[PDB]
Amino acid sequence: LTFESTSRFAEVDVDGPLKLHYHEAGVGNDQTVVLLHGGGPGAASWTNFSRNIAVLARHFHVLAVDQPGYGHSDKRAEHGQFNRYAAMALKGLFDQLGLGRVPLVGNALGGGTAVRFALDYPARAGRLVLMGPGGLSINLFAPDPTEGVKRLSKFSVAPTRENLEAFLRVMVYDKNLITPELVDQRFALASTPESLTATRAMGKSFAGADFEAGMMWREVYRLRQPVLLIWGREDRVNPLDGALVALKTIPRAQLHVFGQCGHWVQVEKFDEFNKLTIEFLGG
């Protein structure tokens, strides 16, 4: 599987044409699963999941979607609360692709979008796997904005290589993962005009008139499906205390925490994460 072989585009309607880029794999597998990546600078489906995608595609029909504002999806300068906006785009994609009820795997901002989708279009979301998710998290102990969120904001204001590297270093427990090559690669993607534009629009959308749509910890008691929360013990973006309200109030919740793991569980605990996900989604 390559970036190019799996690449797909769809045009959906969200207050007008919206181009969504995604990656498709495991065609011919019975159960479809949608992956939604995080909202870091230069983040996209392939960057976030390329290696997980190969493994999951052995078991599932994988659709890894670049959320609007990211990757090769449209990067509008304006939109409503981000997760509701992205969930509307996803609903458009489901309808176009003829998807019924499908499980979703989402990390961070993508976890928030998965949850917003499951709440807004309840018939359409199956089991959820959420890694250090935004939206349904509320940091009962950590002062907000957290270290991770601050570093993202600082880059968005001052898009320097140094600031990007600073952000990446708080995504992981093992900082040796933040190589010069990774930094250089992510910076090239994160510092384009369209990307900076998008990032800004995203952060600010959480404080718009529909900000309550982002406060999903107030609503997830309504979720009827099993939900597997997965957290790195050392997550410095959406820290572990953020898991508690969701764990308490989602009737069929489970939580798995990995020690010696940061925000990027799908990278730092690759094997364990893939196995949990495969088992939970029933493969």
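Residue numbers here begin at 1 and follow the sequence given.
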With B-factors read from the PDB entry, the higher C-alpha mean of 31 to 39 and 219 to 227 is in 31 to 39
As stated in the PDB record, which stretch has the larger average Cα B-factor, 89 to 97 or 117 to 125? 89 to 97
Top Cα B-factor in this entry, restricted to 102, 164, 178, 189, sits on 189
Residue set 237, 244, 253, 54, per-entry CA B-factor max assigned to 54
Ranking every modelled residue in this chain by its Cα temperature factor as given in the entry, which third contains residue 275? middle
Chain thirds by Cα B factor, record data; residue 249 belongs to the lowest
Check where residue 261 lands among this chain's C-alpha B-factors and tell me if it's the lowest, middle or highest third. lowest
Residue 47 CA temperature factor, ranked by third within the chain: highest
If you rank every modelled residue in this chain by C-alpha B factor, which third holds residue 148: lowest, middle or highest? middle
